[PDB]
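1. here is the sequence, then the experimental structure:
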Amino acid sequence: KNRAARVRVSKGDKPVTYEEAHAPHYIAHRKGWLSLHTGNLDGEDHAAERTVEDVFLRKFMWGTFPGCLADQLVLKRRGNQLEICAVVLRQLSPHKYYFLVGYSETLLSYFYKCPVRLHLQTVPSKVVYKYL
Amino acid sequence: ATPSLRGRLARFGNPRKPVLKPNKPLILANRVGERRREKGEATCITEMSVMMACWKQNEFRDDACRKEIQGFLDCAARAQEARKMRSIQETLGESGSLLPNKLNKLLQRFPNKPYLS
Amino acid sequence: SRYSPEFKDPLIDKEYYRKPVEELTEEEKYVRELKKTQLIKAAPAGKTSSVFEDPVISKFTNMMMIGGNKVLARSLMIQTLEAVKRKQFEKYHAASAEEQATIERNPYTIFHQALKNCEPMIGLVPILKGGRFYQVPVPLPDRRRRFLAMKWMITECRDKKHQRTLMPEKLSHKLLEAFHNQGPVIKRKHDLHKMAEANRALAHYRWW
Amino acid sequence: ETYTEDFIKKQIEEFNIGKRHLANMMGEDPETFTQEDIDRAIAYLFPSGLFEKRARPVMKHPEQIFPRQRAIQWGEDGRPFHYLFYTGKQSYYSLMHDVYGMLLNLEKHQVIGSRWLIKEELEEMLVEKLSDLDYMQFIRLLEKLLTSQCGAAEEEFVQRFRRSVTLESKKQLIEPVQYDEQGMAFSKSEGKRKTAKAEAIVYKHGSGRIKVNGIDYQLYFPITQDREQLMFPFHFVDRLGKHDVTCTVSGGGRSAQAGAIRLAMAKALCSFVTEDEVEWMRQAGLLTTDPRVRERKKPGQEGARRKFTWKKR
RNA sequence: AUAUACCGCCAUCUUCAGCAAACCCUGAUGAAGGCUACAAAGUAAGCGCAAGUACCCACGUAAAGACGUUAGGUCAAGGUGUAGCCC
RNA sequence: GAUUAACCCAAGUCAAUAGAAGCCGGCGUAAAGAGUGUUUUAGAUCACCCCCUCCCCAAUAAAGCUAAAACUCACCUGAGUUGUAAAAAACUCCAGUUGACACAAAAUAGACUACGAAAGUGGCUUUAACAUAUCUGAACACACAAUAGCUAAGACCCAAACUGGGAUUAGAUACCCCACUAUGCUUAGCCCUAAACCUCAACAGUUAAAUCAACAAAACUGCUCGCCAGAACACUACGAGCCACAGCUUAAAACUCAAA
Ligand SMILES: [K+]
Ligand SMILES: [K+]
Ligand SMILES: [K+]
Ligand SMILES: [K+]
Ligand SMILES: [K+]
Ligand SMILES: [K+]
Ligand SMILES: [K+]
Ligand SMILES: [K+]
Ligand SMILES: [Mg+2]
Ligand SMILES: [Mg+2]
Ligand SMILES: [Mg+2]
Ligand SMILES: [Mg+2]
Ligand SMILES: [Mg+2]
Ligand SMILES: [Mg+2]
Ligand SMILES: [Mg+2]
Ligand SMILES: [Mg+2]
Ligand SMILES: [Mg+2]
Ligand SMILES: [Mg+2]
Ligand SMILES: [Mg+2]
Ligand SMILES: [Mg+2]
Ligand SMILES: [Mg+2]
Ligand SMILES: [Mg+2]
Ligand SMILES: [Mg+2]
Ligand SMILES: [Mg+2]
Ligand SMILES: [Mg+2]
Ligand SMILES: [Mg+2]
Ligand SMILES: [Mg+2]
Ligand SMILES: [Mg+2]
Ligand SMILES: [Mg+2]
Ligand SMILES: [Mg+2]
Ligand SMILES: [Mg+2]
Ligand SMILES: [Mg+2]
Ligand SMILES: [Mg+2]
């Protein structure tokens, strides 16, 4: 039986998001990609470097906004601009979200030597697609 | 007339020894048995045994045994088609008294009641 | 199959189509109006409307084909038909005016009659009974009789007993032998008949 | 996820305001903005390449989006509105009752283009869930109604449960007859066999010359079977030696190229034969593109179908 | 060291169509069982199949394939519980 | 096991042993209706009232008889017959037709359900003949009791333990094939055993209430006799009785187990 990236059926009490509810074979069919860049196009270079950067930013944001992320990050690269789009919860005070945005954008801009912007969308609670 | 069942079974009140010892309760089921496929046998051997007789006398030369060979060939063809015919008529029930499937739907509507309601 | 079940096989027969309407029956009229609504498979690249088309020779050719090499299989067939015709013209010119009438020079007539002389009328099937397998004489359908005649002819020509003889010379010689009720393929038929005869007492073991 | 009437009413108010916003975004008249324009604007503004269209961005009217919900089936006093409520299938059995009642009244008084609706379409007209045997029983009752001397009132009713099906004609299309600089009538068609692609120009009048990539057909096709394929279309309609052909073929092997040319010539030849002859070519397999193409190899097996040897145990 | 503590990714039946929450009913309120369409106690969310999608079609081939089975495979992908080594 | 804490009782605590604490329940399948019938002394209330299946069907004993099928002999024909999943061994004074011809066994009837205490009894005839004008009742008696077996004298078609041969098998002391004996039959005496089970005691009565663990052949009342009380040891040991001498009946204990 296939296991990869499959949230398994339970008793009907486990809330899953839309991202979680779709196995890998639905990628490009029902669900899109969580990062968009040119490295994996034919004739393009530096796919390995974009992949390492993406893995770091996901770990970095998980621990920089601990308990606040309500879904996976969406990573967008245009030119040398890096856009991080995150769906977060509404528990932390707005002052802390502004501190962490200023801190994260600045720290990541100096780390990867590119202008980095963080876009936060807040939701009252994790959006539930279905109960498995 | 159905044979009698009075005094046939070992029961309280029945002085005599039992006449019948049914291993299953004598109670009508709500289903009949399934049409039992009949045992098949080798066919056309009579025609097969006339062909193989001429061969023995004609050193297995088909030119001398044409009429007998054509008989056996036709007989096998008829038995091949006959099985195809029977099979169709067996499922349709063209000759059957009734189909176990049809005869069981009828018993479902009038089930035997060995209990009180 | 890449054809859905809805696709019907193509009917390649010029005569079937030119037949006048009046000659048609009410059943044949329905089939013709029906096919106009049906899907038709593409015609395979083998059979055509040619008047020189022979389904038996095309089938014998495919049973000679090794590894999809139809060109070679077809080449051998036409070389056998040419070798048969040349051997008959040589027997014809060397014969007397009386014998000439009985000498067949058409290789298609020889090919067809040679196979019909090798078709076995009875067959043998193995049947498990009482812990020993028994050979049992059984009638054979016409399809199976024709196939066995071809398979025995090709098998005989592929036998290693023939040393350095090319297939068109081997097959042509075997066809002319069978055309005259001689040769090893006719003997193979007679043996199957003798084995089926000797196993006559075991015919009852068949249940169909 | 039940949806109340107040919820749908709010969703329609949002769609009408958003419909005017979307028209304002694209600089189009909000009054003449149709649903086809909405779909076009949403596809541009929110481009999605997801293979399943149902997963793509959509801005539809609430009636199209949300499922049909049955309304409450009893009032404040708790009394159900319909006399067949307690069956659990009031809509289905009310229909059976109405059809059964019509069959009775008839007694007291006395195909190609249409089909019966499927169970999933009946289950929407009724807004109930149905078994398969329920569907059959209802259809058996409608068929029993056609066999009777049904009048006009009994015919509008049966047509509600009949869905028009668009039969597609199998009649072969005919290419236009074109004329060259010299005024010679000709037709042009194309054919595909495996990876071979052919384009054939069949002239109305000729002597039987066939040019394949500028070469005589017998020089281009030295294999006699490839030439029989070229003969097949013309021979079948009794037109050997009556047309000139100039065709070009690329891709595939020698046999696939002969098949692609055969199909291209047959399609182009249909312009110069009678309609009855075109139907005979169709029924002879001369106008059908062969869909038989090489199957991919699968991983873990030797070929497209052949498996690796099952190792001796 | 332990895959007989596990996550992860899988084999296998599966070239299957079943799994099942919550209720209801039958059996004197036992382990258990629950269907007959001219119908007789079952209603069933959800999961799988199916449907959709990919490839050249509506075909085919891929993909998919639940719950479980074999303490099946892997502590040597990586991570890791327990135990152990630390000149 | 140590240690910490806790619990119980407490000038006691509680290890071993012993005693106290048991018959109105059951007997189709869990142990149990003893193979069958019949007394006395007794017991019961089912005996008077008050009533409806007498005779015939396959009880039993004796004598006589024989239709079908065998065996044997004879004449005439045939070269094989037998054996089967398939073979071998076996017979070849063998086989087939016809005729003559049982101390053996008893198609059909019988889809009947009768007789007898049970065991048993289903070809024909004849003779004799099937207890009890309350019920229960003998394991302290009496008379019976399938098959097998024993003793003695006969009969002998067929079947058939054992034994021999053939085949199978790793082996085959079996299953399969052939041959043949004890034995199955009769007479006269023994033996006294069966899943002798319809595992359901006799007699009288009831169908309503609670119908009723399950299954089996619905649930019960009155009365009486017989029998039963965890498994195994044990259809055993010992004692006793017996025409029984490798037998039958009656029938335990020790050790062992937490089940059966
Ligand atoms: K694992
Ligand atoms: K590991
Ligand atoms: K570890
Ligand atoms: K003390
Ligand atoms: K006994
Ligand atoms: K009888
Ligand atoms: K008799
Ligand atoms: K019994
Ligand atoms: Mg797999
Ligand atoms: Mg009584
Ligand atoms: Mg029984
Ligand atoms: Mg291959
Ligand atoms: Mg494991
Ligand atoms: Mg598909
Ligand atoms: Mg697959
Ligand atoms: Mg699927
Ligand atoms: Mg293991
Ligand atoms: Mg007992
Ligand atoms: Mg008794
Ligand atoms: Mg007694
Ligand atoms: Mg008495
Ligand atoms: Mg005795
Ligand atoms: Mg005796
Ligand atoms: Mg004997
Ligand atoms: Mg004797
Ligand atoms: Mg006698
Ligand atoms: Mg008895
Ligand atoms: Mg007893
Ligand atoms: Mg008594
Ligand atoms: Mg005991
Ligand atoms: Mg004993
Ligand atoms: Mg004893
Ligand atoms: Mg003693």
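-> Everything's here; your move. Numbering: from 1, shown residues only, chains lettered A, B, ... in the order given. Ligands and ions are numbered 1, 2, ... in the order given.

2. can you give me the strands for chain C?
-> Taking DSSP state E, the strands of chain C run over residues C:7-8, C:39-40, C:122-129, C:132-139.

3. include distance to residue B:61 and mean neighbour count when you put the ones you listed into a markdown table, please.
-> To be clear about C-beta, it is placed using only N, CA and C from the backbone, and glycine gets the same treatment. A markdown table is the format used below for these (distance: least, CB to CB, whole Å; neighbours: other CB atoms under 10 Å in any protein chain shown):
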| stretch | distance to residue B:61 | mean neighbour count |
| --- | --- | --- |
| strand C:7-8 | 45 | 16 |
| strand C:39-40 | 47 | 18 |
| strand C:122-129 | 15 | 15 |
| strand C:132-139 | 19 | 17 |
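
4. in a markdown table, list the ones you listed along with distance to residue B:14.
-> Shown next, in a markdown table, are the strands of chain C (distance: least, CB to CB, whole Å):
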| stretch | distance to residue B:14 |
| --- | --- |
| strand C:7-8 | 73 |
| strand C:39-40 | 75 |
| strand C:122-129 | 51 |
| strand C:132-139 | 55 |
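
5. interface residues of chain A facing chain D?
-> Residues of chain A that fall close to chain D, judged by CB under 8 Å from any CB of the partner chain: A:28-32.

6. buried subset of those residues?
-> Neighbour-count burial (16 or more other CB atoms under 10 Å in any protein chain shown) is assigned, among those, to A:30-31.

7. closest one of the residues of chain A next to chain D to residue C:125?
-> Proximity of the residues of chain A next to chain D to residue C:125 (CB to CB) peaks at residue A:29, which lies at 53.2 Å.

8. what about the closest residue to that closest one other than its chain neighbours, neighbour count?
-> The spatially closest residue to residue A:29, leaving aside those adjacent along the chain, is residue D:51, at 4.6 Å (CB to CB, 6 or more residues apart in numbering or on different chains). By other CB atoms under 10 Å in any protein chain shown, 11 other residues sit near residue D:51.

9. what secondary structure does residue D:51 sit in?
-> Judged by DSSP: H, G, I helix; E, B strand; the rest coil, the three-state class of residue D:51 is coil.

10. to residue B:79, which of the strands of chain C lies closest?
-> Nearest of these (CB to CB): strand C:132-139, 7.9 Å.

11. neighbouring contacts of the closest one?
-> B:44, B:48, B:72-73, B:76, B:79-80, C:122-128, C:195-197, C:199-200, C:202-203, C:205-206 (CB atoms under 8 Å, 6 or more residues apart in numbering or on different chains).

12. what sits closest to residue D:204 if chain neighbours are left out?
-> Among residues not flanking residue D:204 along the chain, residue D:185 sits closest, at 3.9 Å (CB to CB, 6+ apart).

13. ok, the one you found - contacts?
-> So residue D:185 contacts D:177-179, D:203-205 (CB under 8 Å, 6+ apart).

14. are any of these buried, and which?
-> Restricting the contacts of residue D:185 to buried positions leaves residue D:203, with burial counted as 16+ other CB under 10 Å.

15. what's the most distant pair in the contacts of residue D:185?
-> Maximum distance among the contacts of residue D:185 (CB to CB): 13.9 Å, for D:178 and D:205.

16. nearest to residue D:223 among the contacts of residue D:185?
-> For these, the residue nearest residue D:223 by CB to CB is residue D:203; the value is 25.4 Å.

17. and the closest one, what does it touch?
-> So residue D:203 contacts D:184-186, D:243-246 (CB under 8 Å, 6+ apart).

18. out of those residues, who's nearest residue B:94?
-> Once CB to CB is applied, the member of the contacts of residue D:203 that ends up nearest residue B:94 is residue D:243, at 56.7 Å.

19. now the closest one, nearest residue through space, not along the chain?
-> The shortest distance from residue D:243 to any residue other than its chain neighbours is 4.6 Å, reached at residue D:206 (CB to CB, 6+ apart).

20. buried subset of the contacts of residue D:203 as a PyMOL selection?
-> In PyMOL, this line selects whichever of these come out buried by 16+ other CB under 10 Å:
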select buried, chain D and resi 186+243+244+245+246
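
21. could you list which of the contacts of residue D:203 belong to strands?
-> Those of these lying in strands (DSSP E): D:185-186, D:245-246.

22. any chance of the residues you listed in JSON lines with distance to residue C:45 as columns?
-> Shown next, in JSON lines, are these (distance: CB to CB, whole Å):
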{"residue": "D:185", "distance to residue C:45": "30"}
{"residue": "D:186", "distance to residue C:45": "26"}
{"residue": "D:245", "distance to residue C:45": "18"}
{"residue": "D:246", "distance to residue C:45": "22"}
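
23. of those residues, just say which sits nearest to residue C:111.
-> Closest to residue C:111, out of all of the ones in strands among the contacts of residue D:203 and judged by CB to CB, is residue D:245, at 34.5 Å.

24. ok, and the closest non-adjacent residue to the closest one?
-> Spatially, and ignoring its direct neighbours in sequence, residue D:245 is nearest to residue D:210 (4.4 Å; CB to CB, 6+ apart).

25. show me what contacts that neighbour?
-> Contacts of residue D:210 (CB under 8 Å, 6+ apart): D:216-217, D:230, D:244-247.

26. got the residues of chain D near chain A?
-> Near chain A, when you scan chain D using CB under 8 Å from any CB, you find D:48-52, D:55.

27. for PyMOL, write a command that selects the buried ones of those residues.
-> Applying 16+ other CB under 10 Å to these leaves a buried subset, and the PyMOL line that selects it is:
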select buried, chain D and resi 50+55
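
28. which residues of the stretch 51-200 of chain D fall in strands?
-> Ranges of strands in the stretch 51-200 of chain D, per DSSP state E, counting those that start in this stretch, are D:114-116, D:162-164, D:178-179, D:185-193, D:196-203.

29. between those strands, which one is closest to residue D:35.
-> For these, the distance to residue D:35 is smallest for strand D:162-164, at 22.9 Å, taking CB to CB.
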